[PDB]
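Here, residue 1 is the first one in the sequence, and each next residue gets the next number. Order of appearance sets the numbers: ligands from 1, and atoms from 1 within every ligand. Below, all heavy atoms of this structure are taken into account, side chains as well, without hydrogens, waters or symmetry copies.
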Amino acid sequence: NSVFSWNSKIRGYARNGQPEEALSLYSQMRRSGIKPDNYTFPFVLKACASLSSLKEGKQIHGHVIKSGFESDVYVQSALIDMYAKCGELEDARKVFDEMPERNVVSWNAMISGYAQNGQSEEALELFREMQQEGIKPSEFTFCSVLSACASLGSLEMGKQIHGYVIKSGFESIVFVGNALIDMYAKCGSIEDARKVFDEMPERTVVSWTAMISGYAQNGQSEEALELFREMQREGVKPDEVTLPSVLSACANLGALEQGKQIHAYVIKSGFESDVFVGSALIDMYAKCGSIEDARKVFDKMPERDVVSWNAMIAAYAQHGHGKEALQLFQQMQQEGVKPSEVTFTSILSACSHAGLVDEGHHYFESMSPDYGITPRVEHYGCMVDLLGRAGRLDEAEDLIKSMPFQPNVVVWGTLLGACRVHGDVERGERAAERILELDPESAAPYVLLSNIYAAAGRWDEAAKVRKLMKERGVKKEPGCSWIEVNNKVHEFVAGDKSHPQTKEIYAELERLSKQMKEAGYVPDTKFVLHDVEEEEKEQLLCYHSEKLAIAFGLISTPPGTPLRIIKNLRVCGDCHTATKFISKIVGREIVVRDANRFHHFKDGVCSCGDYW
Ligand SMILES: [Zn+2]
Ligand SMILES: [Zn+2]
C-alpha cells in the first residue's frame with residue numbers, strides 16, 4: 001500500500017463530519033509504518049480544529065517538525081487554523097510569522113482567526129499588511145474584515161472594504177452581500193444595508209435575517225415586521241435564527257397581540273423548543289406588559305439554560321417584581337444553573353426597581369468572592385441607581401469616582417435623574433456638565449437641569465439652560481405613545497388631531513378630567529417646556545400623548561380591561577399623577593412602559609413608588 005490510499009480514506013472521513021475517524025486512521029497509519037505527506041497533515045489538523053483538541057493538534061505539530069514539512073505552505077496554514085479554532089491565537093500568530101512562504105489561504109486563516117475571536121483591530125491591521133504585499137484577497141478575506149468592522153463599529157472603514165469588494169468583482173457573492181448588510185447595520189447606516197439587500201441577485205434566509213435584525217436593532221421595528229411578512233410572500237422560510245429578531249421587533253413595539261400571532265407561527269413551524277426562541281418569547285411577552293405569559297413560556301420550556309433563566313429574571317426585574325426575581329435567582333442555583341454577569345445585572349436591576357437596598361449591596365459584594373464574576377461597569381451602574389432611589393446621593397457620586405472604570409453617560413444620567421427626584425440642584429448641576437462633556441449633542445441633560453431649576457424656583461437659570469440648548473442646536477425628539485387596539489398599534493403625539501376618532505378621544509378626556517378634578521387632581525404646569533401663558537400651558541398639558549392613548553383605550557375596550565401603553569420618552573410628573581387618579585376612577589390596571597421603567601398603575605398607586 002501507500003500513503004495515497006490512506007490520504008483518500010482520511011480525506012473522506014474528515015470531509016464527512018467524522019474527525020475522530022480521520023484521527024483514528026492517522027494513528028493506524030503511524031503504526032503501519034506508512035509516513036504522511038504534505039496532503040495528510042491539513043486534513044488531520046482540520047480534524048483537530050473541528051474537535052477543539054489542542055493536545056492532538058500539538059502532537060501533530062510535532063510530527064510536522066520531524067517529517068521535514070516545516071516549510072510547506074498548506075501544512076503551516078493548517079497549523080494556523082488549528083491553533084486559532086482552539087483558542088490559541090499567539091501560537092497561531094507564531095506559526096504565521098515563522099512561515100517561509102504564505103499564500104492567500106495562510107493570510108485568511110490568520111485574519112479570520114483574529115476576527116472570529118474578537119481581536120478586530122489586529123484583524124484589520126493584518127489585512128492592511130496583506131494588501132501592501134499585493135496578495136489578492138478572496139471573498140472569505142472580505143467577509144472576515146467586514147465582520148471586524150461590524151464589531152468595531154467603524155462605518156468609514158467598512159465603506160472602504162465595500163469599494164475593495166466592488167473592485168474585486170465579489171459584490172454578487174451571497175456571503176459577501178450578507179456580510180455587508182451585517183456591517184452597515186451594526187455601524188449605523190441602515191439605509192446602505194438596505195441598498196445592498198435590495199441589490200442582491202440571490203437572497204437566502206440568512207440575507208433576510210440580517211436585514212430584519214438590522215431594522216430591529218436600530219429601533220425600526222415596523223420595517224422589520226414588514227420585511228418578515230414580505231419574506232413569507234416570497235416563499236423564504238424563516239428559521240430559528242430569524243424568529244428571535246422578529247420577536248425582538250414585537251417586543252420593542254409592545255404589541256402584545258402581534259407577539260401572540262408570531263408565537264403561534266413559532267409553534268406551527270416547530271421552533272418553539274429552541275432555546276433562543278424561548279428566551280426571545282419570554283422577553284417579548286415581558287416587553288409587551290404580560291409577565292404572566294412570559295412565565296407560562298418559561299414554565300413549559302422543555303430545556304432551560306442560563307439565558308432562559310436570565311430572561312425570566314430580567315422580565316420580573318423590569319416589572320418591579322423584585323422578590324420574585326430573587327426567588328428565581330435562588331431556584332436557578334438550586335437546580336445547578338451557574339449565574340453569569342448577565343444574571344447579576346438583572347438581579348441588581350431587580351433590587352433597584354423594587355428598592356431592596358440591603359439585598360442589592362449583599363449581591364454586589366458577593367459577586368467576586370462568592371462567585372467567579374468581577375463586577376463590570378453596568379453592575380456599578382445598578383448600584384448607583386440603587387443608592388439614588390434610597391436618597392444616598394453622596395454614596396452614589398462617590399461610587400462613580402471610586403469606580404475602576406471610566407464614567408459613562410448612563411451612570412451620570414442615573415445620578416442626574418436621582419437628583420431631580422430628590423431636588424439636589426448642585427449635584428444635578430455637576431452631573432449635567434459631566435454628561436455634556438461626554439455627549440454634548442444629547443438633549444436629556446438640558447431638559448433635566450431646566451426641570452431642576454424650575455422645581456427649585458430658579459426660573460432665570462432654567463430659562464438660560466433652555467436658551468443654551470437652542471443656541472447649541474440641540475433638539476429633543478418629540479414624545480410618542482403607542483397602544484394596541486383590535487390588533488392595530490395606534491400612535492399618538494402630544495396634541496394629536498390626526499386620529500379618525502379624535503372627537504371621541506377628546507370628548508372622553510373632557511368627561512374624565514371632570515372626575516379627576518372632583519378627586520383632587522390639580523394640573524401642574526411647572527414643567528410644560530413652552531414659554532406661553534398659563535392657560536395655554538394647561539391646554540397643552542391636557543393632551544400629552546399618553547393621555548390621548550389612555551383615552552382611546554378607554555372608549556375602545558370593555559370596562560375593566562387592562563390598558564397597555566408604550567411611551568418612547570418619559571412620563572412627565574403630572575401625567576404620572578394623572579394616571580394614578582385615572583386608574584382608580586375607571587377601575588382598570590393601566591400599564592405604561594416608558595424609556596426606563598414599567599409603571600403599573602393600580603387603584604391610585606403606581607408600582608414604581610413615584611421614583612422614575
Ligand atoms: Zn405629561
Ligand atoms: Zn410609576
| Aromatic plane relationship, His576 with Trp612 - under 30° parallel, 30 to 60° tilted, over 60° perpendicular | parallel
| query | Any side-chain heavy atom of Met301 sitting closer than 4.5 Å to one from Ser308? | reply |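 In contact.
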| message | Do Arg593 and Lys287 have side chains that approach each other closer than 4.5 Å (heavy atoms only, starting at C-beta)? | response |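 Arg593 vs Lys287: side chains touch.
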| field | Angle, SG of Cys572 through the Zn ion (ligand 1) to SG of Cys575 - 10° precision | value | 110°
Quick check on the 6.0 Å ring-centre criterion: do [X] and [Y] meet it?
{"X": "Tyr265", "Y": "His263", "answer": "no"}
{"X": "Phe344", "Y": "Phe364", "answer": "no"}
{"X": "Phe492", "Y": "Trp482", "answer": "no"}

| Protein N, O or S atoms less than 2.8 Å from the Zn ion (ligand 2), ignoring waters? |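 You should have found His576 NE2, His599 ND1, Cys606 SG, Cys608 SG.
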| query | Do you know which of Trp309, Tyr363, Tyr316 makes ring-ring contact (aromatic ring centres under 6.0 Å, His included) with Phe329? | reply | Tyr363
| remark: the Zn ion (ligand 1) -> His544, closest N, O or S atom is ND1
